[PDB]
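Undergrad: Chains as they are written, first to last, in the working numbering: chain A, -1 to 117; chain B, 135 to 248; chain C, 2 to 55; chain D, 352 to 558; chain E, 73 to 79; chain F, 83 to 204. First the structure, then my questions, so here it is.
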Amino acid sequence: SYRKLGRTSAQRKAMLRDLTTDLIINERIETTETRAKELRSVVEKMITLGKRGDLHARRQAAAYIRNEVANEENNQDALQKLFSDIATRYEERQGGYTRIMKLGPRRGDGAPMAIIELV
Amino acid sequence: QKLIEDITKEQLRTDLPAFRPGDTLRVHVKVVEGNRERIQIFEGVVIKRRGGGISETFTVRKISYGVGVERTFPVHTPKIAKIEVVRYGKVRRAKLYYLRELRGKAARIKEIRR
Amino acid sequence: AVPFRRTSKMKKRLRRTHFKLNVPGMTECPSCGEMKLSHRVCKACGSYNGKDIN
Amino acid sequence: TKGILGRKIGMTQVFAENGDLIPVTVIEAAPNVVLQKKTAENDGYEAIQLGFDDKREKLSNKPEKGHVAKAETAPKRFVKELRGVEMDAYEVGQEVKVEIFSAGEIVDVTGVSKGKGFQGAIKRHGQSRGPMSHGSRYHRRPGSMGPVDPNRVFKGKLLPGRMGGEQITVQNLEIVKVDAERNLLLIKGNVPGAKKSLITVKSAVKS
Amino acid sequence: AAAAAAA
Amino acid sequence: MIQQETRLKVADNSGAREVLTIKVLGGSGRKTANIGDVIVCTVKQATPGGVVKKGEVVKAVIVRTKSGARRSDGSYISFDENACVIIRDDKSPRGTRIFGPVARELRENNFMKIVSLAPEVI
RNA sequence: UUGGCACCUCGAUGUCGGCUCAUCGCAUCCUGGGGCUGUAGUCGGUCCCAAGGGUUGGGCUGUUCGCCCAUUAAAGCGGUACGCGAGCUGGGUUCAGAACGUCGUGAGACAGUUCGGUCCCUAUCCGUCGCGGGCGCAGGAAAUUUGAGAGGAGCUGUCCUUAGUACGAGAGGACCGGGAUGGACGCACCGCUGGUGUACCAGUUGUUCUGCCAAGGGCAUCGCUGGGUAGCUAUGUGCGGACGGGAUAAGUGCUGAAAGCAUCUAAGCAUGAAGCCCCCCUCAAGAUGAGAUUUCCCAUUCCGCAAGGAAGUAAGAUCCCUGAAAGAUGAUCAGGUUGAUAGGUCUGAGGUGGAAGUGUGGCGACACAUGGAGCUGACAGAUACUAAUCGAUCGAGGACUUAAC
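Here it is in structure tokens:
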């Protein structure tokens, strides 16, 4: 069973799309641990969608990737970044494209934080 | 569930023809009345195909004397002697719950020939 | 939903027996220390088994 | 009496010798190795210990390794006693298999039922539900605790709490089929417990 | 009487 | 699954058209009956030409339900209507003719004449 | 029950009837065992023993009660603040408005009627229902357990034989003993039948956005509609109250004297009920009376001359982490790199129903082929790709008498 993360299902989908795309550009983000655990499976599924490289997988990925600029002074979108860099980087590796490393609790609410990175 | 598959592979009924959930066919049902076992024919359109291997069931609906009769059989039962497909219908979905209120030509215009 | 009698000091202290909190799972960091809680990145050196990953 | 204990896999359906359709529960329950024989002159009663589902040496303790050294077998996950079997009829280390049960016999099936968590009185005790309308603010509540005169609640008042996780015995089930090759017992009816949990199948109290 | 209508 | 205050249509030539269930005759007891059970009932609507009149408290046995009746072979049967046949306090029907299909579960009981008068037994 | 008295409460003891949850006593409604009958048999009447279980769905009225309809084995009387409003409703009584009838000059009044009319509380303690942490059980542990005690269950209908037999002029019609099938209740679980299934699939409307077509995203109740995996479920399925022992109650007695007879009894033996104590199920050694069996770890160091106290450790367990067959949190269970615990990947099961692109036919809306296609949340099997890292903490050196060693 998946987590609800205290959000509405539409808010869950929007926050997961935002975190997935933001991980895809910035390559290392710092969230809470349960958000990391919910995010990593979706991110490796989208990397698996990028592995195929065909038009139908790209149109599947376009329904999830938000339209933010990936690489500056190149006009590269994130959707181009999945099919240009991440898929060619993880061609040999079969799964496990992300790892989660825990940090200490947050000051304001005691939230256990985690580092997410593409490996 | 592969152990359940290995248990029930010996009792699968493999001589039955493949049929979609939107065509009409006749079912040869062996019934025991005492002592002779007549085989009554149940012609009608398939409504359901709910999977599960040995737990697969299919539902056949017909209109008899102005009252619609829905009858559901398991797929691999030995009570069914023979299944013949009368004609293949063209449908858009696997569950045909809509046509049990569409008497009478409104079901005929949906169950067209394929 | 109204307290009939006030709680005495001894009953209050007996109820506050389990209100204490435990020592965290803190261990020696192999890079510098000291010290580092288990299954988390060290806040001092930023290392974890054993690369400096920050 | 006789019995054997194992793990259930799930439910399926099997038709047998007619057109009739039988709900069937599948249990892996073989092999079981006799670990210890209880005697009346030493233990005060007659019983045998059965071990099932042997595991790795990493997951077993040194007392667990020493206890199964007498039976010449690996340490096992599940140990339970059977009382009272026909003494002796089994030696220490003899394998109990599914061939002891024929596929027409009547057996007792017991096990730990599925956990439901902390549940209300309506689900836990089957108590009837209050009205949802005509001004009513009352539903899903356990009820009055009792009279005024004892100045207390009587013991045994049914209240919300944890449901499940207790031992449940279902009596007089029938074996549909026995599988000596794949160590399977096919039992008519429903069996308490979740999937891959410990199920003990003992012969019924006849008659 | 004895009407419980305390406000 | 025929209940108290369930309205059934009457599937014979007795004269009644719609009937309302008063009581299920099984036990103290149940509030539901499916197929082959006898129910006490009162006539709400009837034809002008017929022996059974409006408002008579009669006994009837259910012959059709939309609830799926289960058989021993794993098969199921269900209809699109609820129907019943009025009887003279034993298991003989009032009407000389029976319309509509009839479930086979009446043959398990000693309901031979209603099954023989039926045009089709499924 | 209606009363009598006014002992307790007027610095408040909420009062009827229903809903929910029950418990107790038989002066027993049924079921069980009997005696007498003006008991031919079925059905009955009366009086005993028996509370184990069960004792209904409506129409009328605020109503309890009562009448009626349809069943049933029966629809039993009462107590528990006419049980239960810090558990629930205010229809009636019993506020403030307004009428009808009557009384009163009048303001107003009426156990006379009708319309409408604010029901607060975050549980401190004892009680109950569940779940934990300590310490004890003369060494420390891992398992398996006996049972002092306690709780649960306990109900019955219909049909066929015996047998149309006994009995009875007939009509009618058995006791006892077997075999099926039900009702209500309870316990489990989804393999069927269904329900649900807000991170599954498809169709479709309006607007906005991805520069545009195409294809999609956001919002409009999950926008709406048609289905649906796992889990949870009943209305679904399986099972239970079975066969039986011991002492018994009311009864029926045997042998027998006080009292040469008679006698169920004063001694001795029986038989005998859904009562009792077990056999059916469950919790149970905090049962301080702390039980029992199996198998590991061993008998260190330093002080205290004795008692004893500190440090490290063995067997083992925990902190921390991956999770669910578990779960509010603890706890339980499967596991922590000589490994499948979770996620990912691959292959499947099931669900949905024929993806995009391209081509063909048509003026087009659209249909056809590629193609049981595409997609797929918790369902399986493989696979260390990712995370369960390094580590740390707790944990015994076994008191004294008595009989043999």
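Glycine residues also receive a C-beta, built at the ideal position from the N, C-alpha and C atoms.
(1) For the segment 151 to 169 of chain F, which residues have a beta carbon sitting closer than 7 Å to at least one beta carbon of chain D?
(2) Would you kindly work out how many angstroms separate the C-alpha atoms of B/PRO208 and B/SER189, rounded to a whole number?
(3) Residues of chain F with CB closer than 7 Å to the CB of B/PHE207, please, in chain order.
(4) Once the 5 residues before and after D/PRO382 are set aside, which same chain residues still bring their CB inside 6 Å of it?
(5) Tell me which residues of the segment 217 to 243 of chain B have at least one Cβ-Cβ distance to chain F shorter than 8 Å, keeping chain order.
(6) What are the boundary residues of the alpha helix (DSSP H) that F/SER198 is part of?
(7) If you count every other CB in all the chains shown that lies within 10 Å of the CB of D/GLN522, and 16 or more means buried, which is it?
(8) For B/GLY187, does the three-state DSSP call read helix, strand or coil?
(9) Using the rule of at least 16 other Cβ atoms within 10 Å of the residue's Cβ for burial, across every protein chain shown, is B/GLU144 buried or exposed?
(10) Report yes or no: is there a C-beta of chain B within less than 8 Å of the C-beta of D/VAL529?
(11) Considering only the beta carbon of each residue, do A/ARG38 and A/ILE98 sit closer than 8 Å?
(12) Considering only residues of the same chain and omitting the five flanking positions on each side of A/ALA59, which have a CB-CB separation below 7 Å?
(13) How about D/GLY370: is its C-beta nearer than 8 Å to some C-beta of chain F?
(14) Below 8 Å, how does it come out for the segment 124 to 136 of chain F and the segment 91 to 102 of chain F: are there three or more Cβ pairs, yes or no?
(15) Pairs of beta-carbons, one from the segment 387 to 394 of chain D and one from the segment 462 to 479 of chain D, closer than 8 Å: are there three or more?
(16) Helix, strand or coil: which one does DSSP assign to A/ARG26?
(17) Sort A/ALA109, A/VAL67, A/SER82 by Cα distance to A/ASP52 and report the nearest one.
(18) Between the C-alpha atoms of D/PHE469 and D/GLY515, what's the straight-line distance to the nearest angstrom?
(19) Report the residues of the segment 67 to 100 of chain A with a CB closer than 8 Å to any CB of chain C, ordered along the chain.
(20) What is the DSSP secondary structure of D/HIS418, reduced to helix, strand or coil?
(21) I'd like the span of the alpha helix (DSSP H) that includes B/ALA241, first residue to last.
(22) Under the DSSP definition of a beta bridge, which residues are partnered with D/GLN470?
(23) Buried or exposed, going by whether 16 or more other CB atoms sit within 10 Å of the CB of F/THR114?
(24) Taking D/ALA545 as the reference, which of D/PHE366, D/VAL556, D/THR376 has the closest Cα?
(25) Is it the case that the CB of B/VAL225 approaches a heavy atom of the ligand ADP more closely than 7 Å?
(26) Could you name the residues of the segment 155 to 179 of chain B whose beta carbon sits closer than 7 Å to any beta carbon of chain D, in the order they occur along the chain?
(27) Are the CB atoms of A/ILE23 and A/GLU66 within a distance shorter than 8 Å?
(28) Could you say if the segment 153 to 173 of chain B and the segment 214 to 230 of chain B meet the contact criterion of at least three C-beta pairs nearer than 8 Å?
(29) Who pairs with F/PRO175 in a beta bridge, going by DSSP?
(30) Could you list the residues in the segment 5 to 31 of chain C with a C-beta less than 9 Å from some C-beta on chain A, going in chain order?
(31) Listed from N- to C-terminal order along the chain, which residues in the segment 535 to 553 of chain D have their beta-carbon within a distance smaller than 8 Å of any beta-carbon of chain B?
(32) Determine the chain F residues that contact B/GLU204 at a beta-carbon separation under 9 Å, and present them in chain order.
(33) Whose C-beta lies closer than 8 Å to the C-beta of D/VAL443 among residues of the same chain, with five residues either side of it excluded?
(34) If you draw a straight line from the C-alpha of A/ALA85 to the C-alpha of A/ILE27, how long is it?
(35) Report the three-state DSSP secondary structure of D/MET438 (helix, strand or coil).
(36) Count the C-beta pairs between the segment 135 to 152 of chain F and the segment 177 to 185 of chain F that are closer than 8 Å, then say yes if the count reaches three, no if not.
TA: Reading off the structure:
(1) Under the 7 Å Cβ criterion, the segment 151 to 169 of chain F contributes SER154, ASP155, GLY156.
(2) 7 Å
(3) Against B/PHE207, the close residues of chain F are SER157, in the order they occur along the chain (beta-carbon pairs closer than 7 Å).
(4) Result list for D/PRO382: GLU446, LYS448, in chain order.
(5) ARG234
(6) 194 to 198
(7) exposed
(8) helix
(9) exposed
(10) no
(11) yes
(12) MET44, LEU47, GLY48, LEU77, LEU80
(13) yes
(14) Of all C-beta pairs linking the segment 124 to 136 of chain F to the segment 91 to 102 of chain F, three or more are shorter than 8 Å, placing the two stretches in contact.
(15) no
(16) strand
(17) A/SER82
(18) D/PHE469 and D/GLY515 have their alpha carbons spaced roughly 9 Å apart.
(19) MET99, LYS100
(20) Three-state result, D/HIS418: helix.
(21) 239 to 242
(22) D/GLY512
(23) exposed
(24) D/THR376
(25) Because no ligand of any kind appears in the structure shown, any question about the ligand ADP cannot be addressed here.
(26) none
(27) Against a cut-off of 8 Å, the Cβ pair of A/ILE23 and A/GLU66 comes out as a contact.
(28) Of all C-beta pairs linking the segment 153 to 173 of chain B to the segment 214 to 230 of chain B, three or more are shorter than 8 Å, placing the two stretches in contact.
(29) F/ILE169
(30) So the list is empty, because no residue satisfies the distance condition.
(31) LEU535, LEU537
(32) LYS148, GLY150, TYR158, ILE159, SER160, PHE161, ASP162
(33) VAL385, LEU386, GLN387, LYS388, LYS421, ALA422
(34) 20 Å
(35) coil
(36) Judged by Cβ distances under 8 Å, the segment 135 to 152 of chain F makes contact with the segment 177 to 185 of chain F, as three or more pairs qualify.
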